[PDB]
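Values below: all heavy atoms of this structure, side chains included; hydrogens, waters and symmetry mates excluded. Proteins come first, then strands; the chains are lettered A, B, ... in the order of their sequence lines, and each starts at number 1. Read the numbers this way: they start at 1 and go in the same order the structure lists the ligands and their atoms.
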Amino acid sequence: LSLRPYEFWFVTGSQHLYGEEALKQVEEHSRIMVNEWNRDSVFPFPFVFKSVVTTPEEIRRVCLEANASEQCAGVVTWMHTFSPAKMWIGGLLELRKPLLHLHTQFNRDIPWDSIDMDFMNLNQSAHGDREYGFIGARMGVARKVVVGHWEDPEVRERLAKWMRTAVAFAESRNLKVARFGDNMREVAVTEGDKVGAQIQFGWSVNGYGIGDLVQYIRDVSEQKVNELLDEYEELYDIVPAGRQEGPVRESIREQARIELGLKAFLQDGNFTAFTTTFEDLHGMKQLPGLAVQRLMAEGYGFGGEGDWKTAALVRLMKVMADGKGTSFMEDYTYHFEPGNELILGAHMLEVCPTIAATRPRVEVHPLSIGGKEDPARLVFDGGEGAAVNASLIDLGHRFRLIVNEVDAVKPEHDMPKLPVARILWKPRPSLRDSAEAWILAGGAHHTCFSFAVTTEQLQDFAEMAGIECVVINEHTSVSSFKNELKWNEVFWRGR
Amino acid sequence: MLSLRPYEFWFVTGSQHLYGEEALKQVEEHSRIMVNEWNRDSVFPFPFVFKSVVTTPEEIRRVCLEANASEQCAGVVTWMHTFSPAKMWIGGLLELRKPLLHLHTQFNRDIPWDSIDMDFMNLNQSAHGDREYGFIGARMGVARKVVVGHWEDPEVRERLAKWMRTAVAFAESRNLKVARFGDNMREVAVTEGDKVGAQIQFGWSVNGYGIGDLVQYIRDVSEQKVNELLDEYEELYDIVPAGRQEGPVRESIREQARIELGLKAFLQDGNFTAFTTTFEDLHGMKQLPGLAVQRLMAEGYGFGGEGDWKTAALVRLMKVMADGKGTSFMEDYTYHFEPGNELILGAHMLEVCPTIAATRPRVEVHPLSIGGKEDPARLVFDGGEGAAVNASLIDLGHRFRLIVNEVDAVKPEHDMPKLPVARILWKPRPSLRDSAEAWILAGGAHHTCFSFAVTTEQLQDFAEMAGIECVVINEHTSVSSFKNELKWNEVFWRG
Amino acid sequence: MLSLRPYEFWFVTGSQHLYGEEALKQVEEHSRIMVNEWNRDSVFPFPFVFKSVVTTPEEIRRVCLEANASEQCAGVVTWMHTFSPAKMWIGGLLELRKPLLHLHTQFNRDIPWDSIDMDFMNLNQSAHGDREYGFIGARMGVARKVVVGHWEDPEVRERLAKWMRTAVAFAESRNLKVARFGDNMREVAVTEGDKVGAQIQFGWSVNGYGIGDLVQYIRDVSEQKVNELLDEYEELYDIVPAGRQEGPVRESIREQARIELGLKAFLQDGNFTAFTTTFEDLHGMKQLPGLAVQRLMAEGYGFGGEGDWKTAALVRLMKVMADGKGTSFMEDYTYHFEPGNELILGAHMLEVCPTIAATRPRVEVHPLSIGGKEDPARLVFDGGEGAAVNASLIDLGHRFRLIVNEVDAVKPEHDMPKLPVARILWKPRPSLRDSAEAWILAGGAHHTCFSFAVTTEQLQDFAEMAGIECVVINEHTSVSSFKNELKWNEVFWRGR
Ligand SMILES: OC[C@H](O)C(O)[C@@H](O)CO
Ligand SMILES: OC[C@H](O)C(O)[C@@H](O)CO
Ligand SMILES: OC[C@H](O)C(O)[C@@H](O)CO
Ligand SMILES: [Mn+2]
Ligand SMILES: [Mn+2]
Ligand SMILES: [Mn+2]
């Protein structure tokens with residue numbers, strides 16, 4: 001589910017005070033920085049050099065163009081010299097693309113024996129970026145700030161992680177969610193304000209009768225179903241009974257029809273996320289299962305039981321992660337063994353095979369929920385390692401993003417009677433404390449779990465979106481966490 | 001140095017009539033003893049003055065009114081020797097406009113175990129008297145400093161002595177007059193601000209004069225007094241060999257002395273203690289004021305370049321705090337990003353105060369294109385080393401913010417033969433990368449006041465007196481926590 | 001004289017695909033006709049442009065992005081011809097930074113009783129289309145003007161036409177550059193303020209220049225062109241006898257002419273449309289600018305005395321709103337408390353704009369101690385009579401406030417033979433006693449922009465666009481109610 005071309009504009013500020021020769025050297029430096037940066041494979045997207053800006057209208061022009069350019073996912077600004085910040089007011093007012101303020105310098109060291117006034121006039125980011133820093137503070141602008149020399153690999157790393165965040169934000173602002181049916185009845189956390197979320201994030205969330213999907217599934221080519229099956233047998237282990245013609249293989253075939261119909265519906269409307277609900281499956285043979293797991297592996301967002309917030313979150317985290325190690329997730333049951341406390345996570349069917357440590361198996365088991373026929377699904381153990389588990393909730397007047405850092409662990413025991421894929425994790429700082437903190441913050445039971453997305457990225461995304469992000473990790477004291485929820489509540493009110 | 005009027009601190013002791021006249025006599029004896037002993041200690045830069053024990057609403061209100069009327073009263077230190085019902089203090093606390101310090105102390109250090117009786121319990125009961133007083137101060141939201149401990153404790157006296165300087169600085173701030181020769185450097189943002197608001201908040205009087213007003217004073221300087229001033233330059237500094245004899249270079253220095261004497265006459269006539277100039281308005285001037293300003297700063301005049309009246313007032317203020325020691329107008333010019341040796345070179349195009357010099361300053365003449373006037377004479381030197389603060393005061397539009405970075409000034413390892421300006425090298429805490437990110441996030445200015453003498457506590461206590469936010473970047477700072485505190489502070493300080 | 005770049009107004013029509021392509025065709029036809037006919041009605045001071053009917057989020061966002069980037073687009077007029085599901089408008093409304101007017105109209109005037117059917121109901125359904133759109137605007141809190149009624153109603157067209165003038169003033173304000181020769185008059189409070197906040201809020205660029213910069217331009221004025229300007233003074237005004245032939249009085253008038261040309265040269269070079277002076281800084285000048293200033297204002301330049309950049313910008317933008325008619329810098333000078341005939345005399349020490357003159361201006365030269373310079377030449381005249389507004393824009397520290405008093409200028413019944421400045425008399429509504437008290441409670445400045453042409457509706461619409469409070473004092477004003485509104489308003493505008 002690939003992306004349109006994206007690029008990041010590098011805008012360098014200066015002034016006319018020091019003359020045209022100085023301005024020539026500023027351009028020279030910026031053009032070199034961009035070219036060298038584009039040689040480093042750490043960057044997942046290209047920088048594009050933009051002509052040095054020195055006047056209010058040049059600044060405003062480049063910001064206007066950045067706004068209109070569909071490929072521009074972010075603007076990186078840097079003051080090479082002093083660049084009087086009132087000139088930047090008009091541009092900053094126009095800019096709606098994500099902004100990163102790079103506070104850097106062309107040379108690494110001070111040339112002690114040669115440094116003169118010309119050098120002082122030229123390489124003065126030391127103060128140019130501070131005057132620019134003030135107008136940003138003064139206008140209350142959303143920004144990432146990165147400090148360091150431009151060849152420092154740590155700097156390039158902040159830059160590169162940020163590019164994925166910005167590109168995720170670009171995808172978020174054009175994100176379309178299709179809902180097949182409404183929320184599970186009586187459920188609170190998956191409910192919320194779609195107009196509010198379209199205003200805040202850009203998400204478009206709209207509802208379709210399950211019957212619209214049923215028609216697409218009905219029109220699937222049997223030839224294509226059979227080819228998809230061949231692919232299933234190539235990628236996965238199939239339960240022995242499904243490896244021969246008969247009713248088990250047919251159950252699998254039916255998920256293949258569902259996958260192909262879903263995919264056709266979604267491509268037709270340019271949707272990149274979707275929801276289903278087991279309470280509305282008229283005309284469907286099975287709850288979508290294996291089909292959904294597959295579409296998630298292709299980069300589609302998904303939320304169960306009408307959960308559009310989590311479907312959008314899964315999709316944008318997929319973009320942040322470059323499609324790696326990311327899944328819709330739900331906390332299912334606990335292991336309270338002293339010293340070995342952990343969480344088993346799953347869903348009734350829909351867990352993405354990209355978090356699998358073992359080769360997935362296609363299985364068919366009964367599912368009473370929904371009252372439909374035994375669904376086919378992929379079954380596997382999730383892998384191990386550091387990860388995040390994130391929830392995005394609607395508090396009524398505003399949204400809150402909640403991020404728990406966790407450590408997935410390998411199971412020490414088989415779970416032979418368990419018909420769904422699953423993963424085990426130990427949340428930080430302990431199961432006891434993270435669960436209390438989560439509950440205090442009203443975190444959902446549905447989350448996006450990811451081995452790839454970092455907390456920095458989710459925080460930066462929250463900065464771009466203008467919403468609160470709270471983090472639960474190894475350093476969390478619960479009492480402090482309670483205090484921060486209160487202090488944050490007063491800041492984010494009316495904002 | 002620009003000497004101060006006599007200042008003094010009033011010691012007001014609270015009690016009540018409940019225990020009789022003999023108990024009140026003993027209270028007075030203790031207070032008189034504390035004042036007299038305190039004034040024998042050279043740690044205190046200003047004298048304490050015993051005030052008569054107060055026990056009634058009218059006595060309390062009277063002493064507060066008198067403190068407002070007294071030009072020499074720089075602050076009031078209040079101590080409850082006994083219970084002193086705080087409703088009696090309401091009237092006086094509403095009237096009082098001098099800075100207040102609540103000293104929570106006790107006459108005796110130790111409990112006389114084998115003789116302590118009800119009379120002693122009645123008399124030496126600060127333990128609750130100061131708490132009842134503590135309440136009324138919290139209840140009325142009064143600005144105050146609180147100091148706890150025995151009055152012969154050196155740590156207690158230290159806190160008191162430091163606060164005396166802060167309070168004197170506040171007294172100077174309330175009567176501060178700034179003269180601007182010319183407007184802000186065009187298009188610059190951080191040096192702009194609300195002079196009316198600043199006069200309301202701090203008392204600063206900031207008004208503008210045409211550069212021509214200064215030129216007329218420079219024209220009226222007597223040539224005899226100029227010659228004498230060159231003799232002092234000769235005595236005090238290393239003059240460039242070229243200027244040590246008659247000819248162009250010496251005439252370049254003689255011009256700064258003319259500027260110095262014209263400036264001094266202007267300022268003294270208007271009772272100004274700080275001033276600004278701008279390189280964009282130098283009509284009638286031969287040179288940008290340079291040496292002249294450097295000398296004036298060393299005498300204790302506040303200064304801000306490019307029309308910067310906030311930094312000018314900050315510099316005068318901090319000079320008072322520092323008793324004229326080790327304090328300068330400053331600006332971050334260029335960085336040294338050598339791993340394990342990151343530092344900042346600070347300077348200005350001419351105006352850096354010699355009170356921070358480690359080496360004997362040299363008088364030098366070099367071209368300065370900025371301003372388009374004749375080659376100006378200036379002092380050149382390396383800044384000294386050691387712990388320092390770098391502070392800027394910005395206007396956020398609806399309020400002011402004091403930002404303070406604790407730094408470590410370092411001795412240069414190499415010569416800078418081509419650098420025509422005085423300069424200083426420092427390592428900001430907790431690191432270059434972190435302090436600069438925090439500084440930019442706080443929107444701190446490029447222009448600061450740098451000081452080896454002023455402490456963070458003093459700046460904070462100043463902010464408390466002036467009713468503004470003060471934010472500190474030091475070795476303990478984490479940028480993510482710093483970021484939160486800005487948000488939470490902004491909600492408190494709003495309105 | 002100082003002329004405007006071309007401006008136009010985009011007409012954006014909303015619909016949806018629901019009813020079919022033929023219906024969309026009928027929608028486009030209606031909108032093209034509306035634009036065509038509006039453009040054939042001389043009440044509009046600027047033309048409308050037809051924009052392709054928008055029906056999808058992408059079409060909406062595109063036109064809003066284009067409006068933003070178009071220098072000549074001064075405003076967007078939106079109308080929902082049919083239901084046009086408002087979530088589609090979110091992306092565009094977030095993007096749009098040009099002034100917005102929501103026109104709630106309908107193509108046909110009357111219900112066609114004998115033939116109205118479902119097709120018609122589907123097509124001509126602004127009645128609910130504009131309500132859903134109204135919702136999203138309230139929901140997102142956008143700045144907007146709403147106008148209701150049939151598109152051929154002359155009252156509807158009049159609201160539209162007036163708003164065009166306001167909106168064009170706003171575009172001018174957004175790009176306004178002020179030059180200040182010298183700083184504020186020392187110790188003065190109301191003319192002080194926050195230039196950064198003002199540039200953020202209004203867009204005004206405000207920067208300071210040494211008087212020496214102006215003096216240099218004055219010295220480079222061609223004596224030829226001075227003489228041609230002097231010729232033009234003779235043509236336009238009654239010059240005082242002693243200034244008619246060569247001599248000291250005519251030399252004085254000649255000096256103002258030099259100031260005039262240097263000032264204009266400087267201003268044009270930086271595209272400045274407003275400026276300030278200060279009598280406290282006149283080094284290298286022979287006179288305080290007087291006659292020169294009066295003439296620059298007459299050309300449409302904004303001016304504020306004593307460093308007053310807020311009034312200078314206000315003067316300029318109200319000139320634009322007024323199309324240069326009957327507008328001036330102004331200051332309340334002295335009162336006439338005669339019972340039943342209470343009035344205010346307004347003037348300045350020199351600088352009153354001749355466009356408010358009811359008599360032919362006289363060029364005169366009198367001494368002026370203020371500033372310590374040579375006797376300045378200036379235009380002297382009586383101001384006109386009639387309905388006017390007197391408006392002040394102040395800085396409360398944390399935000400700006402616009403204060404406008406509706407007044408009636410009156411003709412003097414007596415001469416003022418000893419009075420060496422131009423002046424005007426007015427009777428403030430609802431009374432001198434009450435208007436002055438309300439003004440003081442609102443902290444209104446002593447410097448104002450006075451105008452015979454600018455309406456209260458336009459100042460209010462400008463304030464809406466700029467996101468600032470506008471308070472009005474007029475014939476319906478009760479001081480006690482007005483006092484409450486200051487309180488309630490300040491709670492609304494705080495932190496906003
Ligand atoms: O551009 C102006 C100067 O050259 C310096 O950058 C410094 O003075 C900034 O205030
Ligand atoms: O004994 C009465 C005194 O006033 C004491 O200080 C105490 O009881 C006040 O609470
Ligand atoms: O567009 C849908 C319908 O036709 C109508 O507009 C109305 O029912 C909307 O509420
Ligand atoms: Mn669920
Ligand atoms: Mn500077
Ligand atoms: Mn005036």
Side-chain angles (χ1 to χ4, degrees), chain A residues 15 17 81-85 120-121 124 126-128 130-131, chain B residues 184-185 188-191 276-280 288 293 303-308 310-312 315 328-333 346-352 368 370-371 392 421 445-449, chain C residues 14-20 23 55 80-86 88 118-133 135 184-185 188-191 276-280 288 293 303-308 310-312 315 328-333 346-352 370-371 392 421 445-449:
Chain A
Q15 61 175 348
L17 190 60
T81 72
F82 200 58
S83 186
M120 299 273 285
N121 290 337
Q124 58 181 204
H127 62 252
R130 285 157 123 103
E131 149 81 344
Chain B
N184 294 76
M185 173 177 166
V188 176
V190 69
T191 60
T276 67
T277 64
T278 171
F279 70 78
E280 289 174 347
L288 172 62
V293 173
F303 170 76
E306 292 117 1
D308 189 355
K310 288 189 254 80
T311 304
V315 166
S328 181
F329 172 76
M330 186 56 50
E331 175 171 25
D332 319 67
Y333 244 95
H348 207 248
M349 61 182 65
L350 290 180
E351 319 84 328
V352 176
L368 177 68
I370 302 163
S392 89
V421 294
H446 57 134
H447 283 174
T448 59
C449 170
Chain C
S15 198
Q16 59 176 356
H17 285 282
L18 180 60
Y19 311 118
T55 57
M80 310 301 126
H81 192 308
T82 71
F83 202 55
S84 184
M88 297 190 307
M118 207 51 201
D119 284 336
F120 193 90
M121 297 274 274
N122 296 339
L123 181 58
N124 308 288
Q125 58 178 208
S126 293
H128 67 254
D130 282 318
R131 288 170 195 253
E132 152 82 342
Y133 181 69
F135 170 71
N184 290 74
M185 176 181 165
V188 181
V190 77
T191 67
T276 73
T277 64
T278 175
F279 62 77
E280 288 177 337
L288 174 69
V293 181
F303 175 76
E306 295 128 331
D308 187 2
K310 291 191 256 65
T311 312
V315 165
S328 185
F329 179 65
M330 186 59 57
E331 175 172 21
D332 308 69
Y333 240 91
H348 210 248
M349 61 183 65
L350 295 170
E351 312 98 327
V352 179
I370 309 192
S392 178
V421 300
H446 63 308
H447 284 167
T448 61
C449 174

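The Mn ion (ligand 5) has B/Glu306 OE1, B/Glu331 OE1, B/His348 NE2, B/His447 NE2 as protein N, O or S atoms under 2.8 Å away.
Checking only distances, C/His128 does come within under 3.5 Å of ligand 3, N or O to N or O.
Here the side chains of B/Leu288 and B/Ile370 are not in contact, with every heavy-atom distance at 4.5 Å or above. Side-chain contact check for C/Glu351 versus C/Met330: every heavy-atom pair is 4.5 Å or farther apart. Side chains of B/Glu331 and A/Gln124 form no contact here, defined as non-hydrogen atoms less than 4.5 Å apart. Two residues are said to be in side-chain contact when any heavy atoms from C-beta on lie closer than 4.5 Å; C/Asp130 and C/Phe135 fail this criterion. A/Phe82 places none of its side-chain heavy atoms less than 4.5 Å from the side chain of A/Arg130. Side-chain atoms of C/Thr82 and C/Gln16, non-hydrogen and from C-beta on, do get closer than 4.5 Å to each other. B/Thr277 is listed as a side-chain neighbour of B/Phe303, based on a closest heavy-atom distance under 4.5 Å.
Those atoms of ligand 3 that come under 4.0 Å of a heavy atom in C/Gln125, given as number and element, are 6 (O). Atoms of ligand 3 lying under 4.0 Å from any heavy atom of C/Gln16, numbered from 1 in the order shown and given with element: 1 (O).
Checked against C/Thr191 for a side-chain contact (heavy atoms from CB on, under 4.5 Å), the options C/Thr311, C/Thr276, C/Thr278, C/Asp308 give a single hit: C/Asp308.
With a heavy-atom cut-off of 4.0 Å, C/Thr82 does not touch ligand 3 at all.
The ring of B/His348 has its center closer than 6.0 angstrom to the ring center of B/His447.
Within a 4.0 Å radius of atom 8 (O) of ligand 3, the protein contributes no heavy atom.
The protein heavy atom nearest to atom 10 (O) of ligand 3 is C/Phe83 CZ, 4.1 Å. Taking atom 4 (O) of ligand 3 as the reference point, the nearest protein heavy-atom neighbour is C/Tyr19 OH, 2.6 Å.
Side-chain contact of C/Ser15 with C/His81: a donor-acceptor pair under 3.5 Å is absent, judged by distance alone.
Not a single heavy atom of C/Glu132 sits under 4.0 Å from any atom of ligand 3.
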